[PDB]
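K.L.:
Chain order of the listed sequences is E, A, F and B.
Mapped onto the deposited numbering, the consecutive letters of the first sequence carry residue numbers 6 to 28, 44 to 74.
Everything in the second sequence is counted per the deposited numbering, starting at 1 for the first residue and increasing by one.
Mapped onto the deposited numbering, the consecutive letters of the third sequence carry residue numbers 1 to 105, 125 to 155, 159 to 362, 371 to 382.
Mapped onto the deposited numbering, the consecutive letters of the fourth sequence carry residue numbers 1 to 42, 45 to 275, 282 to 360, 369 to 437.
Think of the CB as a built atom: it goes at the ideal place given N, C-alpha and C, for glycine as much as any other residue.
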Amino acid sequence: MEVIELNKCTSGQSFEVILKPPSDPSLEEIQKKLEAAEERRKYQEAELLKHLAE
Amino acid sequence: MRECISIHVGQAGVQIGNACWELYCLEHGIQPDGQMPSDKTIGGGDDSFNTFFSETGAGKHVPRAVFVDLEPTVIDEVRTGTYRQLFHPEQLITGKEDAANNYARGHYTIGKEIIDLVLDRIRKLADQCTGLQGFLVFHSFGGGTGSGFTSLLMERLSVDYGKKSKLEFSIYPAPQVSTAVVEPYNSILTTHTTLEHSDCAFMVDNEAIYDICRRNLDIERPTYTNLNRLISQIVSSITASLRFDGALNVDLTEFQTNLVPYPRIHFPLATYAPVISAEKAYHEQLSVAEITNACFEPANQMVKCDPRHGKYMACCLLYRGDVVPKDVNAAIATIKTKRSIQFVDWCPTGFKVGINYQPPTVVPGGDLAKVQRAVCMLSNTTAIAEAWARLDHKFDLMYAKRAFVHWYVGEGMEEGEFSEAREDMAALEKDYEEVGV
Amino acid sequence: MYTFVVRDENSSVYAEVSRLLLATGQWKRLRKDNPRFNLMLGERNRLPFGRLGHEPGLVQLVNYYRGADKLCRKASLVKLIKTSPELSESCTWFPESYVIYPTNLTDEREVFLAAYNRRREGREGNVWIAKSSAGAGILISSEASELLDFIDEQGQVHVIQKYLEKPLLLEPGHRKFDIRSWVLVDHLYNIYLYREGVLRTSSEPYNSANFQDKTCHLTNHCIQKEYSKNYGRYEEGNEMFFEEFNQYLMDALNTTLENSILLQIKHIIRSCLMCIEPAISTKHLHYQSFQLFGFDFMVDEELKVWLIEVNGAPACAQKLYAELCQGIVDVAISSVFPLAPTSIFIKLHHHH
Amino acid sequence: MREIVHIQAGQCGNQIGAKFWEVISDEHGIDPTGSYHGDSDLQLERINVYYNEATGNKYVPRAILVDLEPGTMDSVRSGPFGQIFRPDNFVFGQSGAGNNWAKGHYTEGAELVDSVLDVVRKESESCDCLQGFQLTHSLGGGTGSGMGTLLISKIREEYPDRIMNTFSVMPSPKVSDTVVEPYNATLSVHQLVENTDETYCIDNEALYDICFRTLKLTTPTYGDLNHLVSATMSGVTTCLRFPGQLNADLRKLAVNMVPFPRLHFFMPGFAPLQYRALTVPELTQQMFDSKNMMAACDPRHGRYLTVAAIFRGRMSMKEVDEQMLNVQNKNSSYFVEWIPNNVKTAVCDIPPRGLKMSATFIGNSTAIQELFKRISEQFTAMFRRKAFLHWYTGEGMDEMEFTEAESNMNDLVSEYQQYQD
Ligand SMILES: Nc1nc2c(ncn2[C@@H]2O[C@H](COP(=O)(O)OP(=O)(O)OP(=O)(O)O)[C@@H](O)[C@H]2O)c(=O)[nH]1
Ligand SMILES: Nc1ncnc2c1ncn2[C@@H]1O[C@H](COP(=O)(O)OP(=O)(O)CP(=O)(O)O)[C@@H](O)[C@H]1O
Ligand SMILES: Nc1nc2c(ncn2[C@@H]2O[C@H](COP(=O)(O)OP(=O)(O)O)[C@@H](O)[C@H]2O)c(=O)[nH]1
Ligand SMILES: [Ca+2]
Ligand SMILES: [Ca+2]
Ligand SMILES: [Ca+2]
Ligand SMILES: [Mg+2]
Ligand SMILES: [Mg+2]
Ligand SMILES: [Mg+2]
């Protein structure tokens, strides 16, 4: 049961009690993901329009 | 002094953010018009409260906050609410139609068209900072915006601010206040893509906040206002160290240093006490021992789970009010002799304690009673993995039949992203089991 | 109309509880994967406690205490007894035991040999028994070399504990036995001891000069009915019930079952369960638990009672399934889910 | 500002559509002249969803009336709230459709559809952010069925990413005008399977039985049936017309109710169906009772994929959650277990006119296959003998198109059957 690193100021204090010792995607890659999904959306809508045109 | 920028995404993030800045203003003596009489340095200063508030020449104290929602009805509340004068229009961003509870719609379809706008408004706040620490990101798991747009925003923030910390406050889905069936999908999709981008995330299960409001506040049917005032108290306890003079958790980097020894396991459990009803005739004020002991009662945790059957990696005690270290250590001694507190063998069995003498502030006319002392415990337990298991199981039930998947594929998401996200959660569950069992 | 699910099709006890529940006409059984249940008759292994108590408007109850394996595991029990101040290492009703890991894997090898070398030097009886939870796999020997080598040939944790060389032998027969007690702990953590126990007796005369033939030393109902040639001779199915046993203790030893044995059994049951109560209590939890325990005791020739092990999923004596199973419904299930005596249990009061 | 454009086509679609605007106009405080005279701000909060605002604070329904003969729309213009509709939004021909799907879809309807789309486009161009469309029509006639489904097709082509929603009245031999109704309904259902996101199946047989047995109306009229549709249309749209977050718009509702794109056909229900107070338990028991269902399908013959409930009036929201959770927990054998929490409840404070409180039920039940089975059997009984086909081949149609619609609906039945097991 030890207390260490006691810091006191006008608005409070802090300390540490020890009870026992121990024993990314680049900007380019994000655009590709967003544009790949936008392209799959466009492809799906084109197939829908092609189906409606038939 | 180093500044923190708060980002609020979706309805949950915006309405929670609205409740926090209401509380922040009451705590720092800031009026709805932005004026702070106690601030003797007009139009500037590097005080601790300046980490969250900028200042104009007229003495206005302006939150360092951005609000983003794909539909305008919730942010319109802020524009015409009590604190409409705090923020200028550039800080409030709204689209015309939302993500419809669809992660793919918030992340890809609508996110792609508004991401650059949001980053621009964030850059404006960042240019007012002499030493930006990082970001506090509020959002829900279940909403299409809270889930889908947040993960995209986190990815870009890691690109635009590589050396900046990012903390989350995430609302875990609870059916008692949810009307979207696909929220397990959105929760797991957004955890997968945000995991490597968040340094520390505080999950709040609405199921827990709901029961605390019914049990301790005697609210038969809690509303979002009731839930959000209680959440902003916990948030306030967590961010107080950044807004007031102190020596514990004085910058965002310290949250990871003190609470997250393993990067993927960055979801500390929050426990708060005491929550006393304001309608009570008059409550016997609880002691340091009793509020500390309450930190190990499941009924007061932000996520319902059993820490007795996990292992602790870190534990912080954040006290507010009439508390002296003598009484804190005495209570901790008594709790070790009664409670089941098992730490991992590669981590010391100890507690970091922080004390702020200013007792909790309560919104006038709110639900919470003014108390003389309160504590919020942040502990990294493997037991919080129960919330992952619950969520992953619901995901598996629906995905086995591909239920609702066509809504996501229709927005341009590939089905493989579902299984990629689920496998990443399976790996997350295995990490918790390796550390705690 | 209450709802329950069955997730252990191999449980004779809760198969009868499930049958009783349906008879009441007020309980409905659901598929094992339906989450909208009031009561879960869960599986033995990897029961998903983390998914209980998160269904809005459902009070949910499960027939297992999360963490009770600390008591029902051979190695766990030894560790719990030696490290818990409530039980202490000097606990007088548990045989001297040591946790021994096979060398192909803390471990208490050197601690065991020290106590062993002490007995051998002091002419004292030095007979030990090695066993594990991965058995149907038991070895009784007086030489430490054989005990340790037997465990290395295996690959799971074992426990070596002192063998009671002076057991109480029933007459006629000169035969060993063990006492099984059923104990039900409900959601309020009341400890109920079933008034009916069973003595699982060995139908072979106890022989201290030959531990190679393990039929007269192991009183398991399966061993006596497979390797014993006098099965069912003295009592039906090598099962003597309390009425007969009590009458025997009066004719032979001029004492009662309550005075000489049952007081110690009740004391032992309380000590074990009160010890782990803080760790497994569901008092302030989002779901409730209860569980049926099978305590196994040994009685030596001095009428001192020794705890052998605790079983977390015990079976019952055929003649006592009806009474006990009904008792589980009365105090464990209907106490939380009431339906639209002279209790069969003995409440062991205690401080919570 | 999430605007919905309303379309009503044919005799049935215009008579039910008329009553619908009459009912919700009352609930929003709009009188027959479009002048607001309510007393609650909740009435105007989301008024722009169904109404346009004209000069003089006039509220004009965003509605388009379509027919191939003038008769029915002349009655509406002469009806109670006839003056409230935009005069330019009446689009009608003179030939009629003769209860002939082919005439509404390929011949007579094709001549008129372009002028209808011009008015649709005019209403959309003045929408801040258009949610989508809702169509009221019957499937047993020619105009609403044949031309209505042609409209849906051409609307989806021009607005592919907007939500398409319909209230579709299914024919029944017990309330029949002509024997070709199964032909017209089977042809329409295929269109609906492809081009609508949500379809409320309103069965004229269920409406009849409810009038005869429950309401005790000796000789039910079309007017009596339409009173039940009005009340139902008002209940299911409450979430769109007043504040809330539970299925607050068309796309969010579709996301919560439609797990598979083709299974988007809903069974609606209403409660109550005279001065006595109705408790929350009674509202809940009745709302889930088959006798209160508008599709004439026994829910106990299938399983609910998803359920949306709306409670209107000043009541105990806690007592609502308790009773809703009591119906699920007491009959969980009728809810698929692989969609967690598939029952969602919404509460609105404004009750319908003349009722302290009410409940509206929207179920996506696999039992709806019973409805498509009845139609399929009636279809095949005639088609096997090619009976009455000449009315259709005379309009350019081929027998193959009937064979394909038949197979398409039998596929739809089989799709419901697999998710029921
Ligand atoms: N605690 C709390 N939870 C909220 C609040 N608002 C919404 N939620 C929860 O968030 C989830 C729904 O996500 P939302 O945040 O409303 O959706 P969104 O982020 O606006 O995204 P959209 O789909 O575009 O509307 C549900 O689980 C709600 O219970 C709130 O104000 N407080
Ligand atoms: N220390 C000891 N001294 C004497 N006999 C012992 C003993 N340990 C075990 N036994 C004998 O072993 C038998 C049961 O062994 P144990 O209970 O450890 O294995 P097990 O768990 O597979 C049987 P069960 O679980 O049904 O009680 C008892 O009948 C007892 O007579
Ligand atoms: N519920 C209801 N059904 C109707 C009404 N009018 C016609 N129907 C039904 O609709 C079908 C006839 O279609 P109808 O609308 O008259 O033909 P259309 O004008 O060419 O679209 C038959 O099944 C009728 O039973 C009505 O006012 N109410
Ligand atoms: Ca200043
Ligand atoms: Ca980073
Ligand atoms: Ca012509
Ligand atoms: Mg939203
Ligand atoms: Mg055993
Ligand atoms: Mg007609």
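Residue range of the beta strand (DSSP E) that residue 270/B falls in?
P.N.:
Looking at the DSSP string, the run of the beta strand (DSSP E) that includes residue 270/B is 267-273.
K.L.:
At which residue ranges does the region 262-320 of chain A contain complete alpha helix (DSSP H) runs of 4 or more residues, listed in the order of the chain?
P.N.:
Correct list: 288-294.
K.L.:
When you compare only the Cα positions, how much space is there between residue 368/F and residue 169/F?
P.N.:
Between 362 and 371, chain F has no modelled residues, and residue 368/F is one of the positions in that gap.
K.L.:
Under the three-state reduction of DSSP, which class applies to residue 100/A: helix, strand or coil?
P.N.:
Here residue 100/A sits in coil by DSSP.
K.L.:
Beta carbon of residue 368/F, beta carbon of residue 287/F: below 9 Å?
P.N.:
In the model shown, chain F runs from 362 to 371 with nothing in between, leaving residue 368/F without coordinates.
K.L.:
Mind checking whether the beta-carbon of residue 69/B lies closer than 8 Å to any heavy atom of ligand 9?
P.N.:
Flag unset: Cβ of residue 69/B not near ligand 9.
K.L.:
Given that a residue counts as buried once 16 or more other Cβ atoms are within 10 Å of its Cβ, and exposed if not, what is residue 460/B?
P.N.:
Shown here, chain B extends from 1 to 437; a query on residue 460/B therefore has no answer.
K.L.:
Taking DSSP as the reference, what is the three-state secondary structure of residue 376/F?
P.N.:
If DSSP states are grouped into helix, strand and coil, residue 376/F belongs with the strands.
K.L.:
Could you check whether residue 354/A and residue 316/A sit closer than 9 Å to each other, using their CB atoms as the reference points?
P.N.:
Contact flag set, yes.
K.L.:
Check whether the region 203-220 of chain A touches the region 52-69 of chain E, taking contact to mean three or more Cβ pairs, one atom from each stretch, closer than 8 Å.
P.N.:
Not touching, per the Cβ criterion.
K.L.:
Hey, how far is the Cα of residue 214/A from the Cα of residue 307/F?
P.N.:
Each residue's Cα considered, the two are about 16 Å apart.
K.L.:
If contact means a Cβ-Cβ distance below 8 Å, which residues of the region 311-328 of chain B contact chain F?
P.N.:
Flagged: no residues at all.
K.L.:
List the residues of chain B that residue 1/F touches, going by C-beta distances under 9 Å, in chain order.
P.N.:
The contacting residues are 337, 338.
K.L.:
Against chain A, with Cβ distances strictly below 9 Å, would residue 66/E count as a contact?
P.N.:
Chain A, which has no Cβ nearer than 9 Å to the Cβ of residue 66/E, makes this no.
K.L.:
Going straight from the alpha carbon of residue 351/F to that of residue 38/F, what length do you get?
P.N.:
The alpha-carbon atoms of residue 351/F and residue 38/F are separated by roughly 14 Å.
K.L.:
Could you tell me whether the Cβ atoms of residue 27/B and residue 133/B are closer together than 9 Å?
P.N.:
Not in contact: residue 27/B and residue 133/B (Cβ atoms no closer than 9 Å).
K.L.:
Measuring only the C-alpha atoms, how far is residue 76/B from residue 93/B?
P.N.:
One C-alpha to the other measures close to 11 Å.
K.L.:
When burial is assigned at 16 or more other CB atoms within 10 Å of the CB, is residue 246/A buried or exposed?
P.N.:
Per the 10 Å Cβ criterion, buried.
K.L.:
Compute the minimum distance between the beta carbon of residue 45/F and the heavy atoms of ligand 8, and state whether it is under 8 Å.
P.N.:
No, since every heavy atom of ligand 8 falls outside the 8 Å radius drawn around the Cβ of residue 45/F.
K.L.:
With distances taken between CB atoms, is the gap from residue 274/A to residue 291/A smaller than 9 Å?
P.N.:
Contact: yes.
K.L.:
Please find out if some non-hydrogen atom of ligand 7 comes closer than 8 Å to the beta-carbon of residue 11/A.
P.N.:
Within the cutoff, so yes.
K.L.:
Could you say which of 122/A, 357/A, 164/A, 384/A lies nearest to residue 241/A if we only look at CA atoms?
P.N.:
Nearest option by C-alpha distance: 357/A.
K.L.:
Of all Cβ atoms in chain B, is any one closer than 9 Å to the Cβ of residue 54/E?
P.N.:
Not closer than 9 Å to any Cβ of chain B, the Cβ of residue 54/E fails to qualify, so no.
K.L.:
Secondary structure at residue 135/F, three-state DSSP: helix, strand or coil?
P.N.:
It is helical.
K.L.:
Starting from the beta carbon of residue 47/E, find every residue of chain A whose beta carbon is closer than 9 Å, and list them in chain order.
P.N.:
Within 9 Å Cβ-Cβ: 156, 159, 160.
K.L.:
Cutting at 6 Å between CB atoms, please list the residues of its own chain near residue 105/A, excluding the five before and the five after it.
P.N.:
Correct list, in chain order: 99, 144, 411.
K.L.:
Just checking residue 143/B against ligand 9 - is the residue's beta carbon closer than 8 Å to any of the ligand's heavy atoms?
P.N.:
Flag set: Cβ of residue 143/B near ligand 9.
K.L.:
What I want to know is whether the C-beta of residue 197/A ends up closer than 8 Å to one or more non-hydrogen atoms of ligand 5.
P.N.:
The answer is yes for residue 197/A.
K.L.:
Where do the ends of the alpha helix (DSSP H) carrying residue 173/F lie?
P.N.:
Run containing residue 173/F: 166-174, per the alpha helix (DSSP H) assignment.
K.L.:
If we call anything under 9 Å between Cβ atoms a contact, is residue 306/A one with residue 383/A?
P.N.:
Result yes, Cβ atoms of residue 306/A and residue 383/A sit closer than 9 Å.
K.L.:
Return helix, strand or coil for residue 259/B, following the three-state DSSP convention.
P.N.:
DSSP places residue 259/B in helix when its eight states are reduced to three.
K.L.:
Can you tell me where the alpha helix (DSSP H) holding residue 63/E begins and where it ends?
P.N.:
Start and end: 47-73.
K.L.:
Go through its chain and collect everything with a Cβ distance to residue 74/A's Cβ below 6 Å, but skip five positions before and after it.
P.N.:
So the qualifying residues of the chain are 11, 14.
K.L.:
Less than 9 Å separating the beta-carbons of residue 428/B and residue 260/B?
P.N.:
Cβ atoms of residue 428/B and residue 260/B: not closer than 9 Å.
K.L.:
Compare the C-alpha of residue 2/F against each of 220/F, 12/F, 47/F, 356/F and name the closest.
P.N.:
Cα-wise, what sits closest to residue 2/F is 356/F.
K.L.:
Quick check: is any heavy atom of ligand 1 less than 8 Å from the C-beta of residue 70/A?
P.N.:
Checking the Cβ of residue 70/A against ligand 1 gives yes.
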